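Everything on this sheet refers to the single structure shown next.
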Amino acid sequence: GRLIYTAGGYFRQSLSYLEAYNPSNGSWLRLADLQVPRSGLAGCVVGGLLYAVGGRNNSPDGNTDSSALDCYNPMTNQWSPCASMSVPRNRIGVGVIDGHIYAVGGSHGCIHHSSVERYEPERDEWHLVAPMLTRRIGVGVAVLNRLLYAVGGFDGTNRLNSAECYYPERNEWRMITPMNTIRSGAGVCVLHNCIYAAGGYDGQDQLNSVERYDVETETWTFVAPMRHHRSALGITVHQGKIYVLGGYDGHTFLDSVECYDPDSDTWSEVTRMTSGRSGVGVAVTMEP
Ligand SMILES: CCCC[C@@H]1CCCN1C(=O)[C@H]1CCC[C@@H](c2cccc(-n3ncc(C(=O)O)c3C3CC3)c2)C1
Ligand SMILES: [Cl-]
């Protein structure tokens, strides 16, 4: 069985929680805390291991952007530090290609990064790759067909509808068709042949809308909206369904977990996180 792991997030201050949801029975397990509280991080999985990447500790007595990469082994229920990134990256996005982790964009104080770097677990090493064409924080990242997509975010001045694609073998970024909606701090994932962008902030309002990019048609199409408007949601895929976790609706830090069924084009509530939070990291791996 596989679990949806949520790491970190924010309510009143950045959080250390690691919790695992089992779709097969509705259950939540609390697991070993992160060593350092963090919101605005990303999660990903490589070789069964769960990684927490970047973020920021928003704490009553200091705010510290994170360059940290930390590894959770479900077999041991322990977090281990890995090599740190070149730079702190709060409000980060990440994607895995061929066993390597791409850390994309994010902020360090008022610095809005266009830089991108790549972690190799076998060497425990980060290396910079070509920067994005746009500075992006609160950037959604997805991998489809071994290409890396950076979608929306905030460039230091404007929230963005733009998106771009990284071609590893050319070490080159190129624009793709922009979304139909400006989205910063959305949830971005892949399902079948499409990149989904769910929720986000458009400059004025938290969004419930959801659109998807078909790489063959190069167009974005709206699908059914989520039940909740959400910015800084977590998102993942578990057995062919999109799950969105938490976020902020303009009023409440949501505990709502919703899932999307592409065949009926419907969103439904599936569970509730143990407490409302935004800016979590999310990924899927084996039970611990
Ligand atoms: C410490 C900040 C105060 C608490 C804020 C305001 C009330 C709701 N609240 C949050 O929920 C934040 C909690 C920490 C993580 C943060 C977070 C995560 C990931 C992406 C982004 N991000 N990046 C760009 C933009 C943008 O505005 O364009 C955003 C904002 C829209 C989410 C922000 C959210
Ligand atoms: Cl923040």
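Step by step: first the residues of region 225-267, then only those that are exposed (fewer than 13 other Cβ atoms within 10 Å of the Cβ) and free of Cβ contacts under 8 Å to residues at least 40 places away in the same chain, then the one that is farthest from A283 (Cα to Cα). Which residue is that?
Selected residue: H251.
For region 89-102, enumerate the residues that are in contact (Cβ under 8 Å) with a residue 60 or more places away in the chain, on the phi < 0 side of the Ramachandran plot and within 14 Å of ligand 1 (Cβ to nearest atom).
Within region 89-102, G93 is the sole residue that qualifies.
Would you confirm whether or not region 40-48 contains a residue that is part of a loop (DSSP other than H, G, I, E, B), within 23 Å of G187 (Cα to Cα), within 16 Å of ligand 1 (Cβ to nearest atom) and among the hydrophobic types (A, V, I, L, M, F, W, C)?
Scanning region 40-48, I find at least one residue that is part of a loop (DSSP other than H, G, I, E, B), within 23 Å of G187 (Cα to Cα), within 16 Å of ligand 1 (Cβ to nearest atom) and among the hydrophobic types (A, V, I, L, M, F, W, C), so the answer is yes.
Taking region 183-197 on its own, how many of its residues are in a loop (DSSP other than H, G, I, E, B) and either within 17 Å of the chain's Cα centre (by Cα) or free of Cβ contacts under 8 Å to residues at least 24 places away in the same chain (or both)?
Filtering region 183-197 for residues in a loop (DSSP other than H, G, I, E, B) gives 183, 185-186, 192-193.
After this cut, where a residue has to be either within 17 Å of the chain's Cα centre (by Cα) or free of Cβ contacts under 8 Å to residues at least 24 places away in the same chain (or both) as well, the list is 183, 185-186.
Going through region 183-197 one residue at a time, the tally reaches 3.
Within region 35-50, work out how many residues are within 16 Å of ligand 2 (Cβ to nearest atom) and aliphatic (A, V, I, L, M). Give the steps one after another, and end with the answer.
Residues of region 35-50 that are within 16 Å of ligand 2 (Cβ to nearest atom), as a first pass: 36-42.
Still in the running and aliphatic (A, V, I, L, M): 36, 41-42.
Qualifying residue count, region 35-50: 3.
Could you check how many residues of region 50-63 are over 18 Å from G185 (Cβ atoms) and surrounded by fewer than 17 Cβ atoms within 10 Å (Cβ to Cβ)?
4
Kindly indicate the residue of region 103-117 that is without any contact (Cβ under 8 Å) to a residue 40 or more places away in the chain and in a strand (DSSP E or B) and also surrounded by the most Cβ atoms within 10 Å (Cβ to Cβ) among those meeting that condition.
Applying the first criterion (without any contact (Cβ under 8 Å) to a residue 40 or more places away in the chain) to region 103-117 yields 111, 113-115, 117.
Imposing the further condition that a residue be in a strand (DSSP E or B) reduces the set to 111, 117.
Working: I111: 16, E117: 19.
If we take residues in region 103-117 being without any contact (Cβ under 8 Å) to a residue 40 or more places away in the chain and in a strand (DSSP E or B), then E117 is surrounded by the most Cβ atoms within 10 Å (Cβ to Cβ).
We place every Cβ from the backbone using ideal geometry, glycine too, and count neighbours over all the protein chains shown. Bear in mind that the values in this text are calculations on the coordinates, not laboratory data.
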